[PDB]
Ligand SMILES: [Cl-]
Ligand SMILES: [Cl-]
């Protein structure tokens, strides 16, 4: 079961028990047994029959900007619903100390994975210096504010290892001002959807977060986990793409608003990201897919919420 | 209130403006925060990005109320998580007890209204005194069980022997009437789940019933009230008006069930009851849900519905 990604324009339809994508060249069937989540970068129309069909199969649909920024998601009715786990989730938010621990854990994890990135790329960092701020803090806002500076410095330390063309200077998001900002925005937008998909495969309610504020209109928990997995996946993908030379100036375009990837660039980056998502690890002593890790992080969290195993963030 | 679309067509962006095609009609979304689709509606990427930009949620439904899913845009409007308040009223024992008691109270009263309407001398209210002094949920449920048992046993006075309940039987049923009530209860279960999905309430969190079956426990809580109002009434009219005879039931290897003919008959009667007005029976369910939500945010204390018709 693999992620479906659609750059072309057309219409998703249901011709009975098969799902089709009609374009110029027209009706091509889709094996929906093998489809896990869907990603829409093209201008694509979806019929009610299709959407019903995709919903019936518990498949998520992810929608994106014209320059490939995350737009939104179609979330089908939950299959793995569990009434008690939800209550434990909410109990760890309602209790302030419990919330503080998790909120701190996410930022700790992000900071450590970030400095491991810098350590691996041979940049002297010691972002760890900032952890003292984090762990003695009593309010969530100041915690998040520290995480912001840490991220801000990490980029600026990453720029030392980057050529002027692909240097970050300010993180500029929607919309970018840089080839590198464009790249990172695109990759972060992929990662967000990926984490939402993996959360839908658990009994966790995706709206309840600890670091970020819960909203019934927002998958905030995915934002909580993206703290950890931005460093591990997205940043690495960006770095390898820029440094090995898969992306040149040719794959970027300038308009009045910002800088963006060409369709070619988007496809290159999409494949590299998917290629990292299936790249497997070796814990040098225990002797697993990057995506598996995401779901494992979710399971770690669940074991914490039922008081079984205290939550240590992935490093 | 939010936008709801029963008609069939296609949502489009002509060019910065939202339209419904089939015939081009524009849409004023300025005061709108969520959209509800009950019709067969197609949505263009341009439309969907336009909706996403304004931070509007789209909720999707079959014509018969099958919940499909929700589009959650990236753009977030300021809100709060209702689920947390839901869970807060479970985690707090006193709060849970109040609601748990409310559901059973409601059920008991609607049941007694049923018996009053069918001219059966009841006084189920007698049992409410047990209810309000109880401190554990199991005991509350046991009382509700007693009340249900007696209500059935007095309902039997008004029924012919063929369609008499004797024991409530469920896994599986032993009777044509048990079969009927089980079927109608399942239909009602789905209906209440549908109406719940049209709110922001999480359907798994209940108070009377345990969450930890992990399957729409809240629907069971509200079914306490609406079983009497809808399901039982439909059953009563079906058996006595004579729409269901023995022919519509079958004995199976284990238990008793409706034929496809029977299921269709019962389905039509139930659906027609849902649109019968006093404000239709279906609206009342959603109104109950809104009452519950107003309770959960400390605005209005929750009084259970008691049918006056
Ligand atoms: Cl705070
Ligand atoms: Cl029952």
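Chain B is numbered as in Swiss-Prot, which gives 4-25, 28-283, 292-322 for the residues shown.
Per the header: X-ray crystallography, 2.8 Å.
Using the three backbone atoms N, Cα and C, a Cβ is placed for every residue, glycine included.
As recorded in Swiss-Prot, the features of this protein are as follows:
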BINDING   B:149, B:214, B:229  Mn(2+) binding site
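A map of Swiss-Prot features onto the structure.
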residue : record              : DSSP (3 states)
B:149   : Mn(2+) binding site : helix
B:214   : Mn(2+) binding site : coil
B:229   : Mn(2+) binding site : helix
Straight-line CA separation, residue B:283 and residue B:292, 8 intervening residues not modelled, Å:
6
For Mn(2+), what surrounds B:149, B:214, B:229 with a Cβ no more than 8 Å from their Cβ centroid?
B:105, B:108, B:109, B:112, B:146, B:213, B:225, B:226, B:228
My understanding is the cutoff is Cβ-Cβ under 8 Å with a sequence separation of 6 or more in the same chain; which residues meet that for residue B:214 (Mn(2+) binding site)?
B:222, B:223, B:225, B:226
For the deposited structure, the Cα atoms bordering the 2-residue gap, namely those of residue B:25 and residue B:28, are apart by a whole number of Å, specifically 4
Which residues, sitting 6 or more apart from residue B:149 (Mn(2+) binding site) on the same chain, put a CB under 8 Å from its CB?
B:109, B:112, B:113, B:136, B:213, B:229
Residue B:229 (Mn(2+) binding site) CB neighbourhood, other CB atoms within 10 A
23
